[PDB]
Structure formats: C-alpha cells, structure tokens
Amino acid sequence: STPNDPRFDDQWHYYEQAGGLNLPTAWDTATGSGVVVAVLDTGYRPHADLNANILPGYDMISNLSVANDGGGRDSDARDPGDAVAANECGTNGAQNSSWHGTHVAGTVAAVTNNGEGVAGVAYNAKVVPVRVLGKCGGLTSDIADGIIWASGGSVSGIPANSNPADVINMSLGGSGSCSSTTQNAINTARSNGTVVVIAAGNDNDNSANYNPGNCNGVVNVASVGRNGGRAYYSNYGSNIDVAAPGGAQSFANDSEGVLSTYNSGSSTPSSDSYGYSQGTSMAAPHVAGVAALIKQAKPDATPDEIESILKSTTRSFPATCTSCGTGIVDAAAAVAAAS
Ligand SMILES: [Ca+2]
Ligand SMILES: [Ca+2]
Ligand SMILES: [Ca+2]
Ligand SMILES: [Ca+2]
C-alpha cells in the first residue's frame with residue numbers, strides 16, 4: 001500500500017529501488033500495530049504529524065545545564081532545544097537546535113494516511129520518548145538508565161514505565177569501547193524482551209571503535225545513500241549487522257537526505273516543519289521501524305530472533321558498501337519471514 005501523505009514521494013528512502021526500505025509491500029501485512037518503540041534521543045516536540053503516536057516517556061537528563069529545562073530527571077521528555085553558544089561545550093562553534101529526536105521519532109512512527117506531511121515506517125506503532133541528550137550531548141549513565149527504563153526495568157527514583165518497549169532506537173554515540181554500564185543496561189533490556197537498534201556512527205571509520213554500536217547484543221546499523229551504496233560518512237566494519245538509508249547530502253536540507261518531522265526553531269522551539277537530515281541516526285529508525293513490523297507479525301519474537309530476521313532478509317547493495325553488514329534491510333522480506 002502507498003499512503004496518502006503529500007510528502008511520501010519525497011521520502012525516497014521508503015520506496016525507491018536503489019536505496020529504499022521496500023515498505024509499500026510490507027505495509028500490506030504489518031504496520032506496527034500494538035508495538036512500542038522507545039526513542040532514546042534529544043526528546044520530542046508535539047508535531048502535528050507525530051503527536052498522536054507519542055506515549056508518555058521520561059527525561060533522564062541529570063545535569064541541569066545539559067537538561068536545559070529547569071531541573072534534573074523528570075517526566076516530560078519534550079525537547080527544550082539543544083542549541084549551544086560558541087565554547088559552551090568546550091571549544092565548539094555555535095550550533096542551532098538539532099530537533100534530532102523529533103526527526104528520528106517521525107521516521108519510526110509519523111502519523112500516516114492523514115493527508116498531511118510525511119509517513120512513518122511503523123506508522124501504527126507508538127513511540128515512548130526517552131530524553132537522554134541535551135545541550136552538549138548526554139551522559140553515559142543517563143543513557144543507560146534510559147535503556148533500562150525503556151525496557152520496563154526499574155531505575156531508582158523513577159516511576160515504573162507503563163509502556164515497556166518492544167524496540168529501543170539509539171541514534172547516538174561516541175568514540176571508544178562499550179562501557180560496562182552500557183552493556184549492563186543492554187543486557188537488562190534484552191532480558192526484558194526488547195531489541196536494541198543502534199546507529200553505527202558518522203566518522204567514516206571502523207565501527208569497532210564507536211559505542212554503543214560496538215556493544216554486544218545490538219543491531220548496529222550502517223547508512224546507505226540514495227544510490228544504495230555506503231553513505232560517505234558511515235562507519236563500517238565487522239560489527240555492522242545491516243544497512244539502511246540514512247542519506248548522503250552535500251548541503252543543508254538537501255533532498256537527497258532523509259525527510260521527517262522537524263521544528264523551525266533555531267534555539268527555542270517554534271513552528272512545526274519537515275526537514276531533510278542525514279546520518280546513521282536516520283538509518284537506525286528505519287531498522288527500528290522494521291523491528292516493530294516484525295514484532296506485529298511475530299508477537300513472541302525474541303531480541304535474537306528479530307536481529308536474525310533483519311540480518312537474514314536483507315537485499316543486495318546496488319553500489320559499493322564495504323563492511324556494511326549483510327545487505328540493506330528489506331521491510332517486505334523481513335515481514336514475510338516473521339509471518
Ligand atoms: Ca529536567
Ligand atoms: Ca524535561
Ligand atoms: Ca502524515
Ligand atoms: Ca549485532
């Protein structure tokens with residue numbers, strides 16, 4: 001099926017033969033109904049083309065300066081904006097707000113067939129926003145608590161999650177080895193039945209050396225462009241499980257990117273928008289959305305079974321993708337394999 005959203009045709013990454021996810025055929029069978037995806041990111045804005053698919057979440061950011069919302073941990077996972085001034089994070093230049101989590105969440109589950117905006121990969125799933133990134137990024141320990149809570153595990157001082165996730169998406173990372181705090185959290189999420197999907201990073205380097213994609217028991221995702229070959233920035237290596245479209249842009253908001261829900265604010269939030277972004281951060285929620293399609297078709301699927309289905313049903317690369325996992329995720333084939 002093809003949705004009626006007016007920007008669907010701009011979302012090449014869902015349907016073109018070279019670099020797309022092969023979604024229309026998948027949507028004949030699965031859309032994510034009944035499945036919950038936790039998006040561990042900067043938070044969200046209640047975009048008109050997203051909010052109906054948002055569930056209550058949690059804000060794990062403990063450092064008040066990073067949190068930028070007046071306090072420590074709290075129940076409102078909305079994104080206040082992560083804009084920074086020059087040298088606020090050390091030696092950085094000034095940066096506008098990313099609205100990264102709004103973009104990622106829309107790839108997972110933008111409201112679809114509403115005649116407005118964009119479509120989402122798992123458009124009948126629901127997203128639990130777990131805010132773990134703010135100004136200058138996020139703390140490993142807050143991210144790890146996010147993983148635990150998102151899965152339905154217990155974190156001291158935090159109310160129980162009433163919407164435990166089937167799938168975690170982490171479009172985030174840094175350099176270096178996977179820490180024990182992170183691996184512990186991942187092990188907890190997997191033991192609770194939650195599959196963990198992670199962006200491999202954007203350093204054009206060996207993915208062995210970038211976390212949390214280098215943790216064990218995760219689905220680590222490389223990025224292809226619209227050509228179906230490796231996006232120039234994508235990490236690559238033996239620990240990549242699969243690839244998905246993350247886009248390959250040559251200027252800001254280039255339509256060669258991945259189009260999703262977004263916000264027009266430079267610092268503070270403003271009007272809803274749609275924007276094209278790129279990264280392994282954009283590839284990961286494609287894969288998280290397919291994991292949700294799989295879980296609708298196979299409700300008792302384990303994390304290892306979901307990873308196996310994703311990896312075993314990929315399609316060929318039409319252009320060079322060295323050490324990009326088994327292939328490009330093929331939503332239709334994955335749903336068939338889970339049915
Ligand atoms: Ca707070
Ligand atoms: Ca908050
Ligand atoms: Ca829409
Ligand atoms: Ca893996």
# chains A, B, ... in the order shown; residues from 1 in each chain; ligands from 1
$ closest_atom_pairs --of "chain A" --to "ligand 4" --cutoff "7 Å" --atoms "only C-alpha atoms and all ligand atoms" --output "JSON lines"
{"residue": "A:216", "atom": "CA", "partner": "ligand 4", "partner_atom_place_in_ligand_line": "1 (Ca)", "distance": 6.4}
{"residue": "A:217", "atom": "CA", "partner": "ligand 4", "partner_atom_place_in_ligand_line": "1 (Ca)", "distance": 5.4}
{"residue": "A:218", "atom": "CA", "partner": "ligand 4", "partner_atom_place_in_ligand_line": "1 (Ca)", "distance": 4.5}
{"residue": "A:219", "atom": "CA", "partner": "ligand 4", "partner_atom_place_in_ligand_line": "1 (Ca)", "distance": 4.4}
{"residue": "A:220", "atom": "CA", "partner": "ligand 4", "partner_atom_place_in_ligand_line": "1 (Ca)", "distance": 5.7}
{"residue": "A:239", "atom": "CA", "partner": "ligand 4", "partner_atom_place_in_ligand_line": "1 (Ca)", "distance": 6.2}
{"residue": "A:240", "atom": "CA", "partner": "ligand 4", "partner_atom_place_in_ligand_line": "1 (Ca)", "distance": 6.8}
{"residue": "A:241", "atom": "CA", "partner": "ligand 4", "partner_atom_place_in_ligand_line": "1 (Ca)", "distance": 5.4}
$ residues_around --residues "residue 75 (chain A)" --least-positions-apart "3" --cutoff "12 Å" --atoms "only C-alpha atoms" --output "MDAnalysis selection string"
chainID A and resid 43 55:61 69 71:72 78 128:131 157:161
$ select_by_dssp --residues "region 30-143 of chain A" --states "helix (DSSP H, G or I)" --output "PyMOL selection string"
chain A and resi 51-53+64-67+100-109+140-143
$ closest_residue --among "A:310, A:52, A:252, A:133" --to "residue 287 (chain A)" --atoms "only C-alpha atoms"
A:310
$ closest_residue --among "A:307, A:254, A:203, A:9" --to "ligand 3" --atoms "only C-alpha atoms and all ligand atoms"
A:9
$ atom_distance --atom1 "CA of residue 256 (chain A)" --atom2 "CA of residue 1 (chain A)"
23.4 Å
$ closest_atom_pairs --of "region 99-164 of chain A" --to "region 21-42 of chain A" --cutoff "8 Å" --atoms "only C-alpha atoms" --output "JSON lines"
{"residue": "A:99", "atom": "CA", "partner": "A:42", "partner_atom": "CA", "distance": 7.0}
{"residue": "A:100", "atom": "CA", "partner": "A:42", "partner_atom": "CA", "distance": 6.1}
{"residue": "A:101", "atom": "CA", "partner": "A:42", "partner_atom": "CA", "distance": 4.9}
{"residue": "A:102", "atom": "CA", "partner": "A:42", "partner_atom": "CA", "distance": 8.0}
{"residue": "A:104", "atom": "CA", "partner": "A:39", "partner_atom": "CA", "distance": 7.6}
{"residue": "A:105", "atom": "CA", "partner": "A:39", "partner_atom": "CA", "distance": 6.4}
{"residue": "A:108", "atom": "CA", "partner": "A:37", "partner_atom": "CA", "distance": 7.8}
{"residue": "A:121", "atom": "CA", "partner": "A:23", "partner_atom": "CA", "distance": 7.3}
{"residue": "A:122", "atom": "CA", "partner": "A:32", "partner_atom": "CA", "distance": 4.8}
{"residue": "A:123", "atom": "CA", "partner": "A:31", "partner_atom": "CA", "distance": 5.8}
{"residue": "A:124", "atom": "CA", "partner": "A:33", "partner_atom": "CA", "distance": 4.6}
{"residue": "A:125", "atom": "CA", "partner": "A:32", "partner_atom": "CA", "distance": 4.4}
{"residue": "A:126", "atom": "CA", "partner": "A:36", "partner_atom": "CA", "distance": 5.0}
{"residue": "A:127", "atom": "CA", "partner": "A:37", "partner_atom": "CA", "distance": 4.8}
{"residue": "A:128", "atom": "CA", "partner": "A:38", "partner_atom": "CA", "distance": 4.5}
{"residue": "A:129", "atom": "CA", "partner": "A:39", "partner_atom": "CA", "distance": 5.1}
{"residue": "A:130", "atom": "CA", "partner": "A:40", "partner_atom": "CA", "distance": 4.7}
{"residue": "A:131", "atom": "CA", "partner": "A:42", "partner_atom": "CA", "distance": 5.3}
{"residue": "A:132", "atom": "CA", "partner": "A:41", "partner_atom": "CA", "distance": 5.5}
{"residue": "A:133", "atom": "CA", "partner": "A:42", "partner_atom": "CA", "distance": 4.5}
{"residue": "A:134", "atom": "CA", "partner": "A:42", "partner_atom": "CA", "distance": 5.8}
{"residue": "A:143", "atom": "CA", "partner": "A:40", "partner_atom": "CA", "distance": 7.5}
{"residue": "A:146", "atom": "CA", "partner": "A:40", "partner_atom": "CA", "distance": 6.9}
{"residue": "A:147", "atom": "CA", "partner": "A:40", "partner_atom": "CA", "distance": 7.6}
{"residue": "A:150", "atom": "CA", "partner": "A:38", "partner_atom": "CA", "distance": 6.0}
{"residue": "A:163", "atom": "CA", "partner": "A:36", "partner_atom": "CA", "distance": 7.3}
{"residue": "A:164", "atom": "CA", "partner": "A:36", "partner_atom": "CA", "distance": 7.2}
$ write_last_selection --atoms "N, CA and C atoms" --output "mmCIF file, in the first residue's frame"
data_model
loop_
_atom_site.group_PDB
_atom_site.id
_atom_site.type_symbol
_atom_site.label_atom_id
_atom_site.label_comp_id
_atom_site.auth_asym_id
_atom_site.auth_seq_id
_atom_site.Cartn_x
_atom_site.Cartn_y
_atom_site.Cartn_z
ATOM 1 N N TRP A 99 16.751 19.360 17.022
ATOM 2 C CA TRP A 99 15.429 18.663 16.964
ATOM 3 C C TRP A 99 15.584 17.215 16.519
ATOM 4 N N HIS A 100 16.724 16.582 16.996
ATOM 5 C CA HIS A 100 17.099 15.299 16.447
ATOM 6 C C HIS A 100 16.075 14.233 16.793
ATOM 7 N N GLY A 101 15.614 14.248 18.050
ATOM 8 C CA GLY A 101 14.678 13.260 18.449
ATOM 9 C C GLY A 101 13.290 13.346 17.782
ATOM 10 N N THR A 102 12.924 14.535 17.333
ATOM 11 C CA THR A 102 11.656 14.715 16.607
ATOM 12 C C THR A 102 11.760 14.129 15.212
ATOM 13 N N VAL A 104 13.985 11.675 14.278
ATOM 14 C CA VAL A 104 14.084 10.213 14.464
ATOM 15 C C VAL A 104 12.746 9.624 14.814
ATOM 16 N N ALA A 105 12.022 10.210 15.752
ATOM 17 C CA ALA A 105 10.719 9.649 16.083
ATOM 18 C C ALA A 105 9.759 9.611 14.883
ATOM 19 N N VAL A 108 10.377 6.654 12.759
ATOM 20 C CA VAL A 108 9.765 5.441 13.334
ATOM 21 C C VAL A 108 8.246 5.420 13.159
ATOM 22 N N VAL A 121 7.740 4.626 9.266
ATOM 23 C CA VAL A 121 7.991 3.241 8.900
ATOM 24 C C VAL A 121 7.032 2.315 9.581
ATOM 25 N N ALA A 122 6.855 2.468 10.882
ATOM 26 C CA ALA A 122 5.947 1.650 11.688
ATOM 27 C C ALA A 122 4.847 2.553 12.180
ATOM 28 N N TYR A 123 3.979 2.999 11.240
ATOM 29 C CA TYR A 123 3.086 4.108 11.480
ATOM 30 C C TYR A 123 1.887 3.769 12.376
ATOM 31 N N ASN A 124 1.654 2.507 12.664
ATOM 32 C CA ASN A 124 0.621 2.146 13.695
ATOM 33 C C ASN A 124 1.229 1.697 15.003
ATOM 34 N N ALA A 125 2.590 1.803 15.132
ATOM 35 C CA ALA A 125 3.237 1.649 16.424
ATOM 36 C C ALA A 125 3.043 2.913 17.203
ATOM 37 N N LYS A 126 3.535 2.925 18.440
ATOM 38 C CA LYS A 126 3.613 4.096 19.263
ATOM 39 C C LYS A 126 5.033 4.290 19.780
ATOM 40 N N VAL A 127 5.433 5.534 19.958
ATOM 41 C CA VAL A 127 6.782 5.887 20.414
ATOM 42 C C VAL A 127 6.741 6.376 21.848
ATOM 43 N N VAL A 128 7.634 5.803 22.654
ATOM 44 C CA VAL A 128 7.912 6.342 24.016
ATOM 45 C C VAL A 128 9.157 7.164 23.892
ATOM 46 N N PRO A 129 9.105 8.455 24.082
ATOM 47 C CA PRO A 129 10.254 9.298 24.037
ATOM 48 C C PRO A 129 11.033 9.252 25.319
ATOM 49 N N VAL A 130 12.302 8.882 25.262
ATOM 50 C CA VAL A 130 13.186 8.827 26.425
ATOM 51 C C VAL A 130 14.253 9.810 26.190
ATOM 52 N N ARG A 131 14.191 10.942 26.891
ATOM 53 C CA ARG A 131 15.081 12.035 26.671
ATOM 54 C C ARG A 131 16.381 11.794 27.426
ATOM 55 N N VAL A 132 17.469 11.631 26.699
ATOM 56 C CA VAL A 132 18.780 11.365 27.275
ATOM 57 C C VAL A 132 19.834 12.282 26.783
ATOM 58 N N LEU A 133 19.570 13.106 25.800
ATOM 59 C CA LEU A 133 20.537 14.048 25.181
ATOM 60 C C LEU A 133 20.010 15.469 25.280
ATOM 61 N N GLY A 134 20.869 16.375 25.717
ATOM 62 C CA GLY A 134 20.594 17.802 25.764
ATOM 63 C C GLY A 134 21.705 18.617 25.253
ATOM 64 N N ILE A 143 21.954 7.709 29.715
ATOM 65 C CA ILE A 143 21.588 6.866 28.567
ATOM 66 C C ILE A 143 21.290 5.460 29.029
ATOM 67 N N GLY A 146 18.126 5.186 30.766
ATOM 68 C CA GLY A 146 17.105 5.221 29.756
ATOM 69 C C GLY A 146 16.784 3.877 29.090
ATOM 70 N N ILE A 147 17.894 3.166 28.796
ATOM 71 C CA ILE A 147 17.750 1.811 28.198
ATOM 72 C C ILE A 147 17.004 0.899 29.166
ATOM 73 N N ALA A 150 13.281 2.093 29.551
ATOM 74 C CA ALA A 150 12.558 1.929 28.311
ATOM 75 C C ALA A 150 12.084 0.508 28.153
ATOM 76 N N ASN A 163 4.536 1.621 29.697
ATOM 77 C CA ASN A 163 4.583 1.260 28.334
ATOM 78 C C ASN A 163 5.917 0.655 27.962
ATOM 79 N N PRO A 164 6.295 -0.456 28.527
ATOM 80 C CA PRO A 164 7.574 -1.068 28.180
ATOM 81 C C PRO A 164 7.673 -1.278 26.680
#
$ select_by_dssp --residues "region 83-258 of chain A" --states "strand (DSSP E or B)" --output "NGL selection string"
:A and (84 or 95 or 126-131 or 134 or 137 or 167-170 or 174-175 or 195-199 or 206 or 210-211 or 219-224 or 230 or 236 or 242-245 or 258)
$ write_last_selection --atoms "C-alpha atoms" --output "PDB file, in the first residue's frame"
ATOM      1  CA  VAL A  84      24.692  25.834  22.181  1.00  0.00           C
ATOM      2  CA  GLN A  95      25.072  25.353  16.873  1.00  0.00           C
ATOM      3  CA  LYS A 126       3.613   4.096  19.263  1.00  0.00           C
ATOM      4  CA  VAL A 127       6.782   5.887  20.414  1.00  0.00           C
ATOM      5  CA  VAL A 128       7.912   6.342  24.016  1.00  0.00           C
ATOM      6  CA  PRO A 129      10.254   9.298  24.037  1.00  0.00           C
ATOM      7  CA  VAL A 130      13.186   8.827  26.425  1.00  0.00           C
ATOM      8  CA  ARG A 131      15.081  12.035  26.671  1.00  0.00           C
ATOM      9  CA  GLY A 134      20.594  17.802  25.764  1.00  0.00           C
ATOM     10  CA  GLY A 137      25.128  15.669  24.335  1.00  0.00           C
ATOM     11  CA  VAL A 167      12.225  -1.977  20.374  1.00  0.00           C
ATOM     12  CA  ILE A 168      14.816   0.633  21.503  1.00  0.00           C
ATOM     13  CA  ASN A 169      16.304   3.058  18.987  1.00  0.00           C
ATOM     14  CA  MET A 170      19.575   4.789  19.883  1.00  0.00           C
ATOM     15  CA  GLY A 174      30.649   8.450  20.780  1.00  0.00           C
ATOM     16  CA  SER A 175      34.154   7.087  20.430  1.00  0.00           C
ATOM     17  CA  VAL A 195      15.581  -5.490  20.793  1.00  0.00           C
ATOM     18  CA  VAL A 196      18.171  -2.710  20.677  1.00  0.00           C
ATOM     19  CA  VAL A 197      18.874  -0.875  17.401  1.00  0.00           C
ATOM     20  CA  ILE A 198      21.816   1.499  17.197  1.00  0.00           C
ATOM     21  CA  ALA A 199      23.385   3.948  14.754  1.00  0.00           C
ATOM     22  CA  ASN A 206      35.895   1.295  11.784  1.00  0.00           C
ATOM     23  CA  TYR A 210      32.372   3.586  18.304  1.00  0.00           C
ATOM     24  CA  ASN A 211      29.830   2.990  21.085  1.00  0.00           C
ATOM     25  CA  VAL A 219      21.584  -4.388  15.888  1.00  0.00           C
ATOM     26  CA  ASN A 220      24.269  -1.963  14.643  1.00  0.00           C
ATOM     27  CA  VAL A 221      23.249  -0.075  11.521  1.00  0.00           C
ATOM     28  CA  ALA A 222      25.351   1.440   8.708  1.00  0.00           C
ATOM     29  CA  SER A 223      23.934   4.079   6.389  1.00  0.00           C
ATOM     30  CA  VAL A 224      23.371   3.985   2.616  1.00  0.00           C
ATOM     31  CA  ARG A 230      27.640   3.400   1.630  1.00  0.00           C
ATOM     32  CA  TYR A 236      31.705   0.324   8.662  1.00  0.00           C
ATOM     33  CA  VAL A 242      22.685  -4.363   8.401  1.00  0.00           C
ATOM     34  CA  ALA A 243      22.447  -1.165   6.449  1.00  0.00           C
ATOM     35  CA  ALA A 244      19.536   1.192   5.852  1.00  0.00           C
ATOM     36  CA  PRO A 245      19.061   4.572   4.187  1.00  0.00           C
ATOM     37  CA  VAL A 258      16.000  11.580   4.895  1.00  0.00           C
TER      38      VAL A 258
END
$ atom_distance --atom1 "CA of residue 326 (chain A)" --atom2 "CA of residue 306 (chain A)"
14.5 Å
$ residues_around --residues "residue 113 (chain A)" --least-positions-apart "4" --cutoff "12 Å" --atoms "only C-alpha atoms" --output "short mmCIF file (atom, residue, chain, number, x, y, z; two decimals) with C-alpha atoms, in the first residue's frame"
data_model
loop_
_atom_site.label_atom_id
_atom_site.label_comp_id
_atom_site.auth_asym_id
_atom_site.auth_seq_id
_atom_site.Cartn_x
_atom_site.Cartn_y
_atom_site.Cartn_z
CA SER A 1 0.00 0.00 0.00
CA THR A 2 1.04 3.60 -0.57
CA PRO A 3 -0.09 6.21 1.91
CA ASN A 4 -1.71 9.43 1.06
CA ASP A 5 0.69 11.72 2.82
CA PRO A 6 1.69 14.51 0.44
CA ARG A 7 5.42 14.31 1.21
CA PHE A 8 5.61 10.49 0.80
CA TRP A 27 2.58 -2.38 4.83
CA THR A 31 2.33 -1.53 10.17
CA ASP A 49 2.20 14.89 12.22
CA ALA A 109 6.11 6.45 13.60
CA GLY A 117 3.22 15.82 5.96
CA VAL A 118 5.13 12.56 5.95
CA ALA A 119 4.81 8.87 6.65
CA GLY A 120 6.47 6.72 9.29
CA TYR A 123 3.09 4.11 11.48
CA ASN A 124 0.62 2.15 13.70
#
$ closest_residue --among "A:193, A:115, A:299, A:247" --to "ligand 3" --atoms "only C-alpha atoms and all ligand atoms"
A:115
$ closest_residue --among "A:179, A:68, A:250, A:339" --to "residue 278 (chain A)" --atoms "only C-alpha atoms"
A:250
$ atom_distance --atom1 "CA of residue 152 (chain A)" --atom2 "CA of residue 297 (chain A)"
21.8 Å
$ residues_around --residues "residue 83 (chain A)" --least-positions-apart "2" --cutoff "12 Å" --atoms "only C-alpha atoms" --output "VMD selection string"
chain A and resid 42 65 to 68 79 to 81 85 to 89 92 to 100 133 to 137 265 to 269
$ residues_around --residues "residue 207 (chain A)" --least-positions-apart "4" --cutoff "8 Å" --atoms "only C-alpha atoms" --output "NGL selection string"
:A and (200-201 or 213-214 or 235-240)
$ closest_residue --among "A:17, A:204, A:140, A:184" --to "residue 330 (chain A)" --atoms "only C-alpha atoms"
A:17
$ closest_residue --among "A:18, A:48, A:77, A:282" --to "ligand 1" --atoms "only C-alpha atoms and all ligand atoms"
A:77
